[PDB]
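Student: The structure follows.
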Amino acid sequence: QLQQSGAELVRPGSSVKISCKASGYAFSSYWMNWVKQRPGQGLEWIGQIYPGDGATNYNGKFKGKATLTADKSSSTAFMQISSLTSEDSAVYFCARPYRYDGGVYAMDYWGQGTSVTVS
Amino acid sequence: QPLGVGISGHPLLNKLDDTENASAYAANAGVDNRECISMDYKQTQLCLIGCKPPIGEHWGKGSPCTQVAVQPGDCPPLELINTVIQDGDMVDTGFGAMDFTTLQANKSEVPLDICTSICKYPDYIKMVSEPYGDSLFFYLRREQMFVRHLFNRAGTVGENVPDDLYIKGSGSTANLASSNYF
Amino acid sequence: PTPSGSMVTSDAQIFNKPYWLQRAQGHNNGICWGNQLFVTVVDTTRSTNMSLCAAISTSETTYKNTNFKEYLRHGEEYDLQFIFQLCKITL
Amino acid sequence: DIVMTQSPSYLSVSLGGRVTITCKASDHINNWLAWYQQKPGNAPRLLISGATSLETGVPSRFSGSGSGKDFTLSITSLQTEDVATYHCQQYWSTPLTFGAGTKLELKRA
């Protein structure tokens with residue numbers, strides 16, 4: 001069970017911090033994966049975080065735009081977006097790696113999705 | 001008794017794969033890949049004489065610094081601990097002198113006989129430095145050991161291999177095998 | 001080829017023995033110019049690495065590789081001792 | 001990066017028939033591929049991992065196959081609940097890549 005934040009409306013140039021709270025398992029063993037989907041369009045990969053030491057990999061497209069963090073004490077993942085534009089309006093999803101610290105065999109548990117409007 | 005060599009093992013020793021020589025990339029760690037494995041410990045002959053009990057050293061879990069809250073699973077801090085060597089204590093058997101109980105939650109890293117014990121090593125340096133030298137006024141030590149097998153440890157990466165040390169693989173070699181050799 | 005330094009032994013130890021630097025083969029017979037002194041060492045006869053793993057959870061009574069974080073650490077212990085002889089140089 | 005593409009972005013289909021959606025990778029990904037199904041108001045649902053493995057809860061009429069760079073998802077006796085958009089994903093190398101999606105629509109006069 002993963003819980004994401006409610007809908008956001010932010011003005012161009014602003015910034016947003018969105019959470020994904022983990023529950024029903026031991027968070028301290030798993031990364032968190034994040035993707036992006038624009039209205040009526042496909043899926044794109046943003047990055048994934050190892051909460052333990054804050055290590056993370058970036059999709060080049062989201063290098064300066066995205067930063068990932070996580071609160072081990074409360075088992076929650078966070079993603080912040082900077083210098084928001086019309087292209088950042090989309091539904092964002094958090095998703096757990098199937099195999100502990102490995103990122104193969106697909107994403108087996110997804111969050112409900114959080115909608116962000118830049119306007 | 002007549003001369004001879006013993007042997008110790010563990011029915012559930014944490015041994016993933018044989019890393020001494022492999023023909024293909026090993027499968028994938030599932031749940032509990034432990035094997036029933038035994039070994040012949042390192043040979044040790046020693047005799048300490050003094051009018052005070054002998055003193056040993058071993059690595060244990062040091063006290064943490066009051067800051068960064070120890071995340072569960074975090075690697076525990078080490079600390080060389082001086083102790084009195086008591087009758088019945090265990091000698092380093094090839095895995096060094098450490099407290100396996102407080103440094104290995106796994107309970108399957110070493111054979112049963114040292115598995116939940118402390119392997120201590122005489123702290124010769126300290127004892128000889130001793131001002132009056134009562135703890136030991138004579139000693140004989142003879143220890144030897146060599147690597148029979150080279151294995152892998154199952155479990156999860158506690159500390160990842162810095163990617164500046166290798167070129168990412170793919171397909172099978174996409175995922176790095178445990179480089180926690182023993 | 002894959003190397004292998006065979007068995008290690010006490011009888012073959014180089015350390016924990018005193019070295020008496022009385023006659024040097026060089027012209028400098030142990031004079032520590034600059035009140036400096038260099039002691040280089042390499043000892044692979046105590047290279048034991050110890051793996052220590054912590055459990056992420058202390059509940060389940062069933063082993064799960066995912067429940068334990070495996071690590072590696074190595075410790076080295078030294079103790080240098082010297083005997084120095086005062087010397088004089090008429091300038 | 002590895003680029004995933006699906007043949008059509010859309011198919012008009014009939015209830016009860018067999019539907020196939022094939023995806024082709026820009027490079028060899030060696031059966032490291034997943035299929036997802038997504039309906040209009042929720043997150044994508046994993047159907048396939050490892051090219052051929054069905055996930056728990058997934059009806060047996062769904063199946064997948066292929067190798068190297070060419071994979072396909074097959075749905076027998078298509079049900080109305082099966083009408084949705086399907087995606088492939090490669091995880092052989094990062095960044096992870098998804099196909100553009102194939103949307104199923106029901107055909108009518």
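To be explicit about the labels: the chains of the structure tokens are called A, B, and onward in the order shown, and within each one the residues are counted from 1, while ligands get numbers from 1 in the order they are shown.
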Which residues are near range 66-70 of chain C? Cut-off 10 Å, only C-alpha atoms, ignore same chain within fewer than 3 positions. Put them as a PyMOL selection string.
Tutor: (chain A and resi 26+28-30+99-101) or (chain B and resi 29-32+72-75+104-106+153-159+178-180) or (chain C and resi 51-60+62-63)
Student: Could you give me the residues within range 53-132 of chain B that DSSP places in strand (DSSP E), as a ChimeraX atom specification?
Tutor: /B:55-61,78-84,90-91,119-122
Student: What is the CA of residue 98 in chain A to CA of residue 73 in chain D distance in Å?
Tutor: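 A separation of 20.7 Å between them.
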Student: Using only C-alpha atoms for the distances, tell me which of A:64, A:97, A:42, A:102 is nearest to chain D.
Tutor: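 Using only C-alpha atoms, the shortest distance to chain D belongs to A:42.
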Student: Residues of range 85-162 of chain B in alpha helix (DSSP H) according to DSSP, as a count of residues only?
Tutor: 14
Student: List as an MDAnalysis selection string the protein and nucleic acid residues near residue 19 in chain A, meaning an atom at most 9 Å away when only C-alpha atoms are counted, but skip any in the same chain fewer than 2 places from it.
Tutor: chainID A and resid 3:5 17 21 70 76:79 94
Student: With C-alpha atoms kept, could you save the residues just selected as a CSV table (one decimal), in the first residue's frame?
Tutor:
```csv
chain,number,residue,atom,x,y,z
A,3,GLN,CA,0.0,6.7,-0.3
A,4,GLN,CA,0.8,9.8,-2.4
A,5,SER,CA,-0.1,13.5,-2.0
A,17,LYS,CA,7.6,18.6,-3.0
A,21,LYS,CA,4.4,7.0,2.2
A,70,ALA,CA,13.5,9.8,1.7
A,76,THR,CA,8.5,8.0,3.0
A,77,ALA,CA,9.9,9.0,-0.4
A,78,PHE,CA,10.0,12.6,-1.7
A,79,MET,CA,10.5,14.2,-5.1
A,94,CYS,CA,5.9,6.3,-7.3
```
Student: Tell me which of B:108, B:43, B:175, B:116 sits closest to residue 14 in chain B, counting only C-alpha atoms.
Tutor: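 Among the listed residues, B:108 lies closest to residue 14 in chain B.
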Student: For residue 53 in chain D, which residue among D:104, D:3, D:15, D:33 is the nearest when counting only C-alpha atoms?
Tutor: D:33
